[PDB]
Amino acid sequence: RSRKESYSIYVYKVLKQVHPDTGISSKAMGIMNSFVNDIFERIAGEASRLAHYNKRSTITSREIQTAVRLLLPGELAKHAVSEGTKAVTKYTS
Amino acid sequence: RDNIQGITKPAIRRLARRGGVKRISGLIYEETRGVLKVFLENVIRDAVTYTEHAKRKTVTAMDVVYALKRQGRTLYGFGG
Amino acid sequence: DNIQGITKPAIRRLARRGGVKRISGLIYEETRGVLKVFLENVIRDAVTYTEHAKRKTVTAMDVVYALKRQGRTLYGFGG
Amino acid sequence: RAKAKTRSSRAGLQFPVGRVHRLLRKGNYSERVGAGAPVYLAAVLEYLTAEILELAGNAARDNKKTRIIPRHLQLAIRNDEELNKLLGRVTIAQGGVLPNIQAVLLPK
Amino acid sequence: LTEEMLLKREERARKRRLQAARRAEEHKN
Amino acid sequence: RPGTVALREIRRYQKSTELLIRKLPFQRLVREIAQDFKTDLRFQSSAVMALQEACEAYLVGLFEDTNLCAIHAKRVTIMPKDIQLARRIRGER
Amino acid sequence: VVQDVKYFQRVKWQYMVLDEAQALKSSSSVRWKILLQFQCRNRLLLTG
DNA sequence: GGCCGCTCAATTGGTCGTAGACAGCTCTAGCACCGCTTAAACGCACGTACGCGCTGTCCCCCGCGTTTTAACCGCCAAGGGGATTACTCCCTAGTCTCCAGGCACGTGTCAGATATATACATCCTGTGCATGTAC
DNA sequence: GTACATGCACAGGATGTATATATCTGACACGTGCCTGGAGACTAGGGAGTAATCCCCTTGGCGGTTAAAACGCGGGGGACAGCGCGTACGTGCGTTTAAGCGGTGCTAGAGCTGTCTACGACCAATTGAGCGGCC
């Protein structure tokens, strides 16, 4: 059978961190799943362009650092680049 | 048959009042109905082409969501 | 500060291709702002493609990819 | 080998590095998805998730309720000039619209 | 060529009483 | 008085969250507009709700742009020429 | 029964038992106002 | 002529039951993900070959500072077209019901057009030269 | 009437390709079961209509001054050579992820259990309006 494959666990694990007193309605879970899913397609789509725009075969942290810098607006871009470098810094040791 | 007139005069009043307009000249209704119908027509045609390609009779929520991505006028919360 | 080098006459000519019958004197200085902020979009995107390529030089492709991402693609440069 | 753990936990993330890698590698975005990409992307998605949830939680609490509903999300994003660029042409199911008037309308 | 609903009708008909009876025996305890 | 209850009506529909078009008239209108793309279509119950959410949102944004046209021309009264201006400068048609 | 009125009314309940029947002791009750209307022939009250 | 006496029709206060809808399970089962392989191709580091883009002085139509004017801006008050809101009746949208039928998905095994090893060949890109179109 | 950019051909290696091969994705045929098209009965709010009446947009006359169009004053933008910092090829070396086949965790489902608010509803207190007495 098919399976829903949603981000619902992880958006809830994050809500329970940022507002421990607060819950998610089933329709707001839909909006959050849509937002995560669309931003993944937007970033991975631009990363696939950015690889072929340099005729590189891989995608790595630099392709996605570039895609974040292009796709995100002001303060969110530098914050997302900071979070990506922090997670990769911990992951690489 | 004649269903474009089913967008009722109070429904236009309310939808325009959510849009914040103060006075509706009675000239507004039929052009607003036609404009709406043409936006529906584009979204429906696109959704029907996805449905025809998918070898499928039923138009799904995914087909209208993909038509809204194809038109760059996206809608979150219906899945995807 | 070099944006003042974009001339009031050139802004009249550029508006007259758009078919306007008459101008007003505030348009010239505000158009310089509109041009500067449009550049401050497309250049920063093009530089971001330039940096990804490890380049010092902003190429035709770097600005074409920015203009394509901005949804204002220009045919006749790159490919 | 004894006691496996998620690559999310190794990155210090909630978001699923395995799932993100799987989706990148079956989506045909590249012929070679290096593992730094899904870690970085999971972190980016988790940050955007935290920012948008925190704004929605503030909007919900300001509207005196302890649950995120699509109305509280629309009243978060249309109250932020950054996310109103990132989501600037997306529609929210049950979100409605921001309360707004041009000053020329108001009487007397 | 025309009786073809019967082999669909029976499959639903046997479900009706079974599920109603199943729920009417959650009412046991 | 007139125009005062018309203004007081704005704050009610801008605070309230429900759909303003009638479901059955909209449902038939989608099926009508589909008939000369294809006969004998089936529509999933969720799909027509999504189409209604998209259509009410498209009209609310077009009504804000209509209000901008009218108020720029120093009118509190909207006219079809405001829709013709908006649908041109939108880049749609 | 005080809620699902239509969905009881569509079936012809021939004969009625009503039970711990002190529940109907006020005409101001929405119970009493509704329960008068079911088209049964014989009504039997089990007043404890 | 005025106020209060007995009665009974009245707001105003706490437990019962439900239903929406999460919240957290409360497991549990399954299917992806993680682990630790065996392995090789893309990326780097490295130098090398070179246009290509900066930076120098010449030179004319373009930039820019002042001239009257006439039609466009925008005001003000007329003036009449028309939008709102008053109010009740009418009718079709809502709602849930339920059928019975179509058809979306499930899910099984078979098999054919695809990837790809490697062997061909002719297709069509860099450079040169002949000469005619827009200026 | 002019000659620099276009238009045709040479030189030649790579890329479009055929023959030869193994196989997993797609086609097909089967049924389950999900659920949507139809269609029924009734509710009672949404809408349309008749209707009253209030007020905005366009309109026409008029006065003001700004851009237009013309003109005078004078320099910086379009074009040629040298400088020297980058950009594009090609290789060795191997960093890096591939692709593999199991071991295990955690993520997902349906449902339970627990809300638990939050809503009508019933139940019992106690209070104001209803009608009558008195000097």
# chains A, B, ... in the order shown; residues from 1 in each chain; ligands from 1
>>> interface_residues(of="chain F", to="chain B", cutoff="8 Å", atoms="only C-alpha atoms", output="ChimeraX atom specification")
/F:3,6-7,9-11,13-14,20-22,25-26,28-30,32-34,37-38,41-44,46-48,50-51,53-56,59-64,67,76-80
>>> write_last_selection(atoms="N, CA and C atoms", output="tab-separated table (two decimals), in the first residue's frame")
chain	number	residue	atom	x	y	z
F	3	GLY	N	-23.04	53.59	2.66
F	3	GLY	CA	-21.58	53.48	2.68
F	3	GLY	C	-21.01	53.19	4.08
F	6	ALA	N	-21.73	49.36	4.61
F	6	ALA	CA	-20.78	48.86	3.61
F	6	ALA	C	-19.32	48.88	4.10
F	7	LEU	N	-18.88	49.91	4.83
F	7	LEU	CA	-17.56	49.93	5.47
F	7	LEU	C	-17.49	48.99	6.68
F	9	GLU	N	-19.11	46.27	7.20
F	9	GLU	CA	-19.07	44.93	6.60
F	9	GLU	C	-17.64	44.44	6.28
F	10	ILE	N	-16.71	45.34	5.91
F	10	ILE	CA	-15.32	44.96	5.56
F	10	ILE	C	-14.64	44.26	6.73
F	11	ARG	N	-14.67	44.86	7.93
F	11	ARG	CA	-13.99	44.32	9.12
F	11	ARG	C	-14.52	42.95	9.52
F	13	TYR	N	-15.75	40.42	7.36
F	13	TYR	CA	-15.19	39.42	6.43
F	13	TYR	C	-13.65	39.38	6.39
F	14	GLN	N	-12.96	40.45	6.79
F	14	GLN	CA	-11.50	40.44	6.95
F	14	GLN	C	-11.04	39.77	8.26
F	20	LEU	N	-16.83	32.42	1.03
F	20	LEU	CA	-17.94	33.35	0.79
F	20	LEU	C	-18.84	32.96	-0.40
F	21	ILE	N	-18.31	32.23	-1.38
F	21	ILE	CA	-19.09	31.70	-2.51
F	21	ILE	C	-19.83	30.42	-2.07
F	22	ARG	N	-21.06	30.23	-2.57
F	22	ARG	CA	-21.89	29.05	-2.29
F	22	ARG	C	-21.35	27.79	-2.97
F	25	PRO	N	-23.45	26.13	-6.33
F	25	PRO	CA	-23.25	26.99	-7.48
F	25	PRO	C	-21.82	26.97	-8.02
F	26	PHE	N	-20.81	27.01	-7.14
F	26	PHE	CA	-19.41	26.90	-7.56
F	26	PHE	C	-19.08	25.51	-8.14
F	28	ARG	N	-21.16	23.26	-9.54
F	28	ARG	CA	-21.75	23.19	-10.88
F	28	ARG	C	-20.98	24.05	-11.89
F	29	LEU	N	-20.52	25.23	-11.50
F	29	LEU	CA	-19.78	26.11	-12.40
F	29	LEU	C	-18.45	25.47	-12.86
F	30	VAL	N	-17.69	24.85	-11.96
F	30	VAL	CA	-16.49	24.09	-12.32
F	30	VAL	C	-16.83	22.98	-13.32
F	32	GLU	N	-19.50	22.73	-15.34
F	32	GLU	CA	-19.93	23.42	-16.56
F	32	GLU	C	-18.71	23.83	-17.40
F	33	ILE	N	-17.76	24.53	-16.79
F	33	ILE	CA	-16.55	25.00	-17.48
F	33	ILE	C	-15.69	23.83	-17.97
F	34	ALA	N	-15.77	22.67	-17.31
F	34	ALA	CA	-15.08	21.46	-17.74
F	34	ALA	C	-15.75	20.73	-18.93
F	37	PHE	N	-13.98	20.80	-22.26
F	37	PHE	CA	-12.68	20.13	-22.19
F	37	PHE	C	-12.86	18.61	-22.21
F	38	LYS	N	-13.76	18.06	-21.37
F	38	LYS	CA	-14.19	16.67	-21.47
F	38	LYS	C	-15.60	16.45	-20.89
F	41	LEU	N	-16.55	13.63	-16.77
F	41	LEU	CA	-15.54	13.78	-15.73
F	41	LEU	C	-16.10	13.42	-14.35
F	42	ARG	N	-15.22	12.89	-13.48
F	42	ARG	CA	-15.46	12.76	-12.04
F	42	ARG	C	-14.56	13.75	-11.30
F	43	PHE	N	-15.08	14.48	-10.32
F	43	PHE	CA	-14.31	15.40	-9.50
F	43	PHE	C	-14.25	14.93	-8.05
F	44	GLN	N	-13.04	14.75	-7.52
F	44	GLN	CA	-12.83	14.44	-6.11
F	44	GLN	C	-13.31	15.60	-5.22
F	46	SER	N	-12.33	16.93	-2.43
F	46	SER	CA	-11.24	17.82	-2.03
F	46	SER	C	-10.75	18.77	-3.15
F	47	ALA	N	-10.80	18.32	-4.41
F	47	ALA	CA	-10.31	19.09	-5.55
F	47	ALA	C	-11.12	20.38	-5.77
F	48	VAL	N	-12.45	20.29	-5.68
F	48	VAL	CA	-13.32	21.45	-5.89
F	48	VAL	C	-13.19	22.45	-4.74
F	50	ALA	N	-10.28	22.94	-3.15
F	50	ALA	CA	-9.03	23.59	-3.51
F	50	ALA	C	-9.26	24.64	-4.60
F	51	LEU	N	-10.01	24.29	-5.65
F	51	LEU	CA	-10.34	25.22	-6.73
F	51	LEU	C	-11.11	26.43	-6.19
F	53	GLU	N	-10.93	27.68	-3.01
F	53	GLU	CA	-9.94	28.44	-2.25
F	53	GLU	C	-9.04	29.26	-3.17
F	54	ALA	N	-8.57	28.67	-4.27
F	54	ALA	CA	-7.79	29.39	-5.27
F	54	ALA	C	-8.60	30.53	-5.92
F	55	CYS	N	-9.86	30.28	-6.29
F	55	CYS	CA	-10.69	31.29	-6.94
F	55	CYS	C	-11.07	32.45	-6.02
F	56	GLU	N	-11.47	32.18	-4.77
F	56	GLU	CA	-11.74	33.26	-3.83
F	56	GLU	C	-10.47	34.06	-3.53
F	59	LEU	N	-9.69	36.34	-6.63
F	59	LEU	CA	-10.60	37.48	-6.60
F	59	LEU	C	-10.28	38.46	-5.47
F	60	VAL	N	-9.96	38.01	-4.25
F	60	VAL	CA	-9.59	38.94	-3.16
F	60	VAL	C	-8.37	39.78	-3.53
F	61	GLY	N	-7.32	39.17	-4.09
F	61	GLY	CA	-6.15	39.92	-4.57
F	61	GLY	C	-6.50	40.88	-5.71
F	62	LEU	N	-7.33	40.44	-6.66
F	62	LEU	CA	-7.80	41.29	-7.75
F	62	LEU	C	-8.67	42.45	-7.24
F	63	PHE	N	-9.46	42.24	-6.19
F	63	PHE	CA	-10.24	43.30	-5.55
F	63	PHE	C	-9.36	44.31	-4.81
F	64	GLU	N	-8.29	43.90	-4.13
F	64	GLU	CA	-7.32	44.85	-3.57
F	64	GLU	C	-6.70	45.71	-4.69
F	67	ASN	N	-9.28	48.15	-5.85
F	67	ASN	CA	-9.39	49.22	-4.87
F	67	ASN	C	-8.25	50.23	-5.04
F	76	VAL	N	-13.95	56.26	-4.29
F	76	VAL	CA	-14.36	55.17	-3.39
F	76	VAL	C	-15.29	54.17	-4.09
F	77	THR	N	-15.71	54.48	-5.32
F	77	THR	CA	-16.60	53.65	-6.14
F	77	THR	C	-15.81	52.96	-7.25
F	78	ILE	N	-15.81	51.63	-7.26
F	78	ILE	CA	-15.10	50.83	-8.27
F	78	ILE	C	-15.89	50.76	-9.59
F	79	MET	N	-15.19	50.58	-10.71
F	79	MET	CA	-15.77	50.49	-12.06
F	79	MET	C	-15.09	49.38	-12.89
F	80	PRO	N	-15.75	48.78	-13.90
F	80	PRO	CA	-15.14	47.73	-14.73
F	80	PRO	C	-13.79	48.12	-15.36
>>> interface_residues(of="chain C", to="chain I", cutoff="12 Å", atoms="only C-alpha atoms (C1' of nucleotides)", output="ChimeraX atom specification")
/C:5,12,21-26,53-59
>>> write_last_selection(atoms="C-alpha atoms", output="tab-separated table (two decimals), in the first residue's frame")
chain	number	residue	atom	x	y	z
C	5	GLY	CA	25.30	59.92	-14.73
C	12	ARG	CA	12.75	61.11	-21.29
C	21	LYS	CA	2.54	62.04	-23.75
C	22	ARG	CA	3.98	64.19	-20.88
C	23	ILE	CA	6.56	63.78	-18.04
C	24	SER	CA	6.78	65.39	-14.55
C	25	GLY	CA	10.12	66.55	-13.03
C	26	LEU	CA	10.01	64.12	-10.04
C	53	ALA	CA	31.55	29.24	-10.03
C	54	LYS	CA	34.63	30.40	-7.93
C	55	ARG	CA	35.01	33.28	-10.51
C	56	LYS	CA	36.34	36.84	-10.16
C	57	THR	CA	34.61	37.74	-13.48
C	58	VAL	CA	30.83	38.27	-13.84
C	59	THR	CA	30.04	36.41	-17.11
>>> select_by_dssp(residues="region 13-82 of chain A", states="strand (DSSP E)", output="ChimeraX atom specification")
/A:23-24,58-59
>>> residues_around(residues="residue 12 (chain G)", least_positions_apart="2", cutoff="8 Å", atoms="only C-alpha atoms (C1' of nucleotides)", output="list in words")
residues 9, 10, 14, 39 and 40 of chain G
>>> closest_residue(among="A:57, A:34, A:65, A:6", to="chain C", atoms="only C-alpha atoms")
A:65
>>> interface_residues(of="chain H", to="chain D", cutoff="9 Å", atoms="only C-alpha atoms (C1' of nucleotides)", output="MDAnalysis selection string")
chainID H and resid 32:36
>>> write_last_selection(atoms="N, CA, C and O atoms (P, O5', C5', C4', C3', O3' and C1' of nucleotides)", output="PDB file, in the first residue's frame")
ATOM      1  P    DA H  32       9.437   2.102   2.035  1.00  0.00           P
ATOM      2  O5'  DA H  32      10.010   3.469   2.646  1.00  0.00           O
ATOM      3  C5'  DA H  32      11.387   3.785   2.565  1.00  0.00           C
ATOM      4  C4'  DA H  32      11.972   4.125   3.941  1.00  0.00           C
ATOM      5  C3'  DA H  32      13.434   4.516   3.724  1.00  0.00           C
ATOM      6  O3'  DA H  32      13.859   5.489   4.656  1.00  0.00           O
ATOM      7  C1'  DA H  32      13.303   2.665   5.158  1.00  0.00           C
ATOM      8  P    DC H  33      14.956   6.585   4.235  1.00  0.00           P
ATOM      9  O5'  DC H  33      15.186   7.442   5.583  1.00  0.00           O
ATOM     10  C5'  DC H  33      15.154   6.859   6.887  1.00  0.00           C
ATOM     11  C4'  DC H  33      16.257   5.853   7.274  1.00  0.00           C
ATOM     12  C3'  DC H  33      17.705   6.297   7.017  1.00  0.00           C
ATOM     13  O3'  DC H  33      18.209   6.883   8.210  1.00  0.00           O
ATOM     14  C1'  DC H  33      17.372   3.928   6.984  1.00  0.00           C
ATOM     15  P    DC H  34      19.701   7.467   8.348  1.00  0.00           P
ATOM     16  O5'  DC H  34      20.559   6.203   8.853  1.00  0.00           O
ATOM     17  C5'  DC H  34      20.272   5.598  10.108  1.00  0.00           C
ATOM     18  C4'  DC H  34      21.093   4.345  10.432  1.00  0.00           C
ATOM     19  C3'  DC H  34      22.608   4.588  10.486  1.00  0.00           C
ATOM     20  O3'  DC H  34      23.131   3.828  11.574  1.00  0.00           O
ATOM     21  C1'  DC H  34      22.068   2.940   8.886  1.00  0.00           C
ATOM     22  P    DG H  35      24.651   3.941  12.089  1.00  0.00           P
ATOM     23  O5'  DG H  35      25.196   2.427  12.093  1.00  0.00           O
ATOM     24  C5'  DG H  35      24.863   1.515  11.063  1.00  0.00           C
ATOM     25  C4'  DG H  35      25.818   0.310  11.006  1.00  0.00           C
ATOM     26  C3'  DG H  35      27.304   0.696  10.880  1.00  0.00           C
ATOM     27  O3'  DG H  35      28.151  -0.441  11.063  1.00  0.00           O
ATOM     28  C1'  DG H  35      26.435   0.048   8.805  1.00  0.00           C
ATOM     29  P    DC H  36      29.733  -0.300  11.329  1.00  0.00           P
ATOM     30  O5'  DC H  36      30.332  -1.796  11.249  1.00  0.00           O
ATOM     31  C5'  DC H  36      29.891  -2.802  10.333  1.00  0.00           C
ATOM     32  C4'  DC H  36      30.239  -2.649   8.838  1.00  0.00           C
ATOM     33  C3'  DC H  36      31.675  -2.206   8.491  1.00  0.00           C
ATOM     34  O3'  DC H  36      32.385  -3.280   7.874  1.00  0.00           O
ATOM     35  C1'  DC H  36      30.042  -1.416   6.973  1.00  0.00           C
TER      36       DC H  36
END
>>> interface_residues(of="chain D", to="chain B", cutoff="12 Å", atoms="only C-alpha atoms", output="compact mmCIF listing (two decimals) with C-alpha atoms, in the first residue's frame")
# COMPACT_ATOMS: atom_id res chain seq x y z
CA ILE D 69 -4.58 27.05 12.91
CA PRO D 70 -4.12 28.23 9.26
CA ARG D 71 -5.55 31.65 10.28
CA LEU D 73 -0.18 31.12 9.97
CA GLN D 74 -1.69 33.68 7.51
CA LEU D 87 5.69 32.90 0.49
CA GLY D 88 4.70 36.11 -1.43
CA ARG D 89 2.56 34.26 -4.05
CA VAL D 90 1.26 31.21 -2.10
CA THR D 91 -2.35 30.73 -0.91
CA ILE D 92 -3.28 29.35 2.56
CA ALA D 93 -6.26 26.96 2.97
CA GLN D 94 -8.59 28.49 5.68
CA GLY D 95 -6.08 31.41 6.12
CA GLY D 96 -8.38 34.27 4.96
CA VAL D 97 -6.71 37.72 4.45
CA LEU D 98 -4.88 40.45 6.47
CA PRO D 99 -7.25 43.18 7.87
CA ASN D 100 -6.43 46.32 5.82
CA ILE D 101 -7.93 49.68 4.59
CA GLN D 102 -6.84 52.59 2.31
CA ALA D 103 -7.32 55.72 4.54
CA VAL D 104 -9.55 57.45 1.86
CA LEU D 105 -12.42 55.00 2.75
CA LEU D 106 -12.91 56.05 6.42
CA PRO D 107 -15.99 58.30 7.14
>>> interface_residues(of="chain D", to="chain A", cutoff="8 Å", atoms="only C-alpha atoms", output="PyMOL selection string")
chain D and resi 7+10-16+24+29-37+39-50+53-54+57+66-70+73+82-83+85-86+92-93
>>> closest_residue(among="I:43, I:23, I:58, I:15", to="chain F", atoms="only C-alpha atoms (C1' of nucleotides)")
I:58
>>> residues_around(residues="region 114-119 of chain I", least_positions_apart="3", cutoff="10 Å", atoms="only C-alpha atoms (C1' of nucleotides)", output="list in words")
residues 18, 19, 20, 22, 23, 24 and 25 of chain H
>>> write_last_selection(atoms="N, CA and C atoms (P, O5', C5', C4', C3', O3' and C1' of nucleotides)", output="PDB file, in the first residue's frame")
ATOM      1  P    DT H  18     -24.258  10.611  25.739  1.00  0.00           P
ATOM      2  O5'  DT H  18     -24.109  11.562  24.448  1.00  0.00           O
ATOM      3  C5'  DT H  18     -23.620  12.889  24.604  1.00  0.00           C
ATOM      4  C4'  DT H  18     -23.101  13.546  23.318  1.00  0.00           C
ATOM      5  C3'  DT H  18     -22.126  12.673  22.511  1.00  0.00           C
ATOM      6  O3'  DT H  18     -21.715  13.199  21.250  1.00  0.00           O
ATOM      7  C1'  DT H  18     -20.954  14.240  23.794  1.00  0.00           C
ATOM      8  P    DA H  19     -22.731  13.430  20.028  1.00  0.00           P
ATOM      9  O5'  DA H  19     -21.830  14.079  18.865  1.00  0.00           O
ATOM     10  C5'  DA H  19     -21.510  15.466  18.791  1.00  0.00           C
ATOM     11  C4'  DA H  19     -19.997  15.732  18.827  1.00  0.00           C
ATOM     12  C3'  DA H  19     -19.153  14.629  18.152  1.00  0.00           C
ATOM     13  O3'  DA H  19     -18.174  15.150  17.270  1.00  0.00           O
ATOM     14  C1'  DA H  19     -18.253  15.270  20.202  1.00  0.00           C
ATOM     15  P    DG H  20     -18.545  15.633  15.784  1.00  0.00           P
ATOM     16  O5'  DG H  20     -17.450  16.779  15.533  1.00  0.00           O
ATOM     17  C5'  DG H  20     -17.549  18.063  16.142  1.00  0.00           C
ATOM     18  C4'  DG H  20     -16.247  18.478  16.840  1.00  0.00           C
ATOM     19  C3'  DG H  20     -14.985  18.187  16.013  1.00  0.00           C
ATOM     20  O3'  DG H  20     -14.200  19.373  15.984  1.00  0.00           O
ATOM     21  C1'  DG H  20     -14.741  17.448  18.225  1.00  0.00           C
ATOM     22  P    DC H  22      -7.210  19.390  15.151  1.00  0.00           P
ATOM     23  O5'  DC H  22      -5.729  18.760  15.214  1.00  0.00           O
ATOM     24  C5'  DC H  22      -5.335  17.774  16.164  1.00  0.00           C
ATOM     25  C4'  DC H  22      -5.508  18.218  17.628  1.00  0.00           C
ATOM     26  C3'  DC H  22      -4.235  18.030  18.457  1.00  0.00           C
ATOM     27  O3'  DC H  22      -4.235  19.011  19.475  1.00  0.00           O
ATOM     28  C1'  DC H  22      -5.951  16.677  19.316  1.00  0.00           C
ATOM     29  P    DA H  23      -2.889  19.680  20.034  1.00  0.00           P
ATOM     30  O5'  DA H  23      -2.307  18.525  20.986  1.00  0.00           O
ATOM     31  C5'  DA H  23      -2.638  18.442  22.361  1.00  0.00           C
ATOM     32  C4'  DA H  23      -2.181  17.108  22.957  1.00  0.00           C
ATOM     33  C3'  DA H  23      -0.758  16.683  22.553  1.00  0.00           C
ATOM     34  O3'  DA H  23       0.054  16.802  23.715  1.00  0.00           O
ATOM     35  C1'  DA H  23      -2.328  14.857  22.585  1.00  0.00           C
ATOM     36  P    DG H  24       1.612  16.412  23.765  1.00  0.00           P
ATOM     37  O5'  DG H  24       1.524  14.852  24.106  1.00  0.00           O
ATOM     38  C5'  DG H  24       0.945  14.413  25.326  1.00  0.00           C
ATOM     39  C4'  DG H  24       0.707  12.906  25.308  1.00  0.00           C
ATOM     40  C3'  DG H  24       1.981  12.167  24.871  1.00  0.00           C
ATOM     41  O3'  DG H  24       2.240  11.125  25.805  1.00  0.00           O
ATOM     42  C1'  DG H  24       0.083  11.410  23.701  1.00  0.00           C
ATOM     43  P    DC H  25       3.708  10.513  26.031  1.00  0.00           P
ATOM     44  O5'  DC H  25       3.859   9.357  24.923  1.00  0.00           O
ATOM     45  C5'  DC H  25       3.249   8.080  25.080  1.00  0.00           C
ATOM     46  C4'  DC H  25       1.713   8.137  25.035  1.00  0.00           C
ATOM     47  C3'  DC H  25       1.122   6.738  25.198  1.00  0.00           C
ATOM     48  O3'  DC H  25      -0.140   6.791  25.849  1.00  0.00           O
ATOM     49  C1'  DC H  25       0.407   7.651  23.190  1.00  0.00           C
TER      50       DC H  25
END
>>> atom_distance(atom1="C1' of residue 20 (chain I)", atom2="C1' of residue 123 (chain H)")
24.1 Å
>>> closest_atom_pairs(of="chain I", to="chain D", cutoff="9 Å", atoms="only C-alpha atoms (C1' of nucleotides)", output="Markdown table")
| residue | atom | partner | partner_atom | distance |
| --- | --- | --- | --- | --- |
| I:96 | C1' | D:34 | CA | 8.1 |
| I:97 | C1' | D:34 | CA | 6.2 |
| I:98 | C1' | D:32 | CA | 7.9 |
| I:103 | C1' | D:1 | CA | 8.7 |
| I:104 | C1' | D:4 | CA | 6.7 |
| I:105 | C1' | D:4 | CA | 7.0 |
| I:106 | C1' | D:6 | CA | 8.9 |
>>> atom_distance(atom1="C1' of residue 46 (chain I)", atom2="CA of residue 49 (chain F)")
20.2 Å
>>> closest_residue(among="H:54, H:98, H:93, H:41", to="chain A", atoms="only C-alpha atoms (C1' of nucleotides)")
H:41
>>> interface_residues(of="chain E", to="chain H", cutoff="10 Å", atoms="only C-alpha atoms (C1' of nucleotides)", output="list in words")
residues 5, 8 and 9 of chain E
>>> write_last_selection(atoms="N, CA and C atoms", output="PDB file, in the first residue's frame")
ATOM      1  N   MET E   5     -23.601  -6.731 -11.724  1.00  0.00           N
ATOM      2  CA  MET E   5     -23.668  -6.104 -10.398  1.00  0.00           C
ATOM      3  C   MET E   5     -23.787  -7.129  -9.256  1.00  0.00           C
ATOM      4  N   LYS E   8     -20.835  -7.915  -7.096  1.00  0.00           N
ATOM      5  CA  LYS E   8     -20.464  -6.722  -6.316  1.00  0.00           C
ATOM      6  C   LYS E   8     -21.440  -6.490  -5.152  1.00  0.00           C
ATOM      7  N   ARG E   9     -22.743  -6.664  -5.408  1.00  0.00           N
ATOM      8  CA  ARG E   9     -23.851  -6.514  -4.450  1.00  0.00           C
ATOM      9  C   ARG E   9     -23.696  -7.443  -3.249  1.00  0.00           C
TER      10      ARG E   9
END
>>> select_by_dssp(residues="chain B", states="alpha helix (DSSP H)", output="PyMOL selection string")
chain B and resi 9-18+28-53+61-70
>>> interface_residues(of="chain C", to="chain A", cutoff="7 Å", atoms="only C-alpha atoms", output="PDB file with N, CA and C atoms, in the first residue's frame")
ATOM      1  N   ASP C  45      22.275  38.616  -7.317  1.00  0.00           N
ATOM      2  CA  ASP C  45      22.035  37.259  -7.807  1.00  0.00           C
ATOM      3  C   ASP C  45      23.157  36.816  -8.759  1.00  0.00           C
ATOM      4  N   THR C  48      26.176  36.044  -6.920  1.00  0.00           N
ATOM      5  CA  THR C  48      26.004  34.762  -6.238  1.00  0.00           C
ATOM      6  C   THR C  48      26.271  33.578  -7.180  1.00  0.00           C
ATOM      7  N   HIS C  52      29.586  31.021  -6.749  1.00  0.00           N
ATOM      8  CA  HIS C  52      29.418  29.570  -6.855  1.00  0.00           C
ATOM      9  C   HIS C  52      30.382  28.956  -7.875  1.00  0.00           C
ATOM     10  N   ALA C  53      30.560  29.612  -9.021  1.00  0.00           N
ATOM     11  CA  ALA C  53      31.546  29.238 -10.032  1.00  0.00           C
ATOM     12  C   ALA C  53      33.022  29.475  -9.634  1.00  0.00           C
TER      13      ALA C  53
END
>>> interface_residues(of="chain C", to="chain H", cutoff="9 Å", atoms="only C-alpha atoms (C1' of nucleotides)", output="list in words")
residues 7, 8, 9 and 57 of chain C
>>> closest_residue(among="H:27, H:91, H:124, H:42", to="chain A", atoms="only C-alpha atoms (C1' of nucleotides)")
H:42
>>> atom_distance(atom1="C1' of residue 95 (chain H)", atom2="CA of residue 24 (chain F)")
11.7 Å
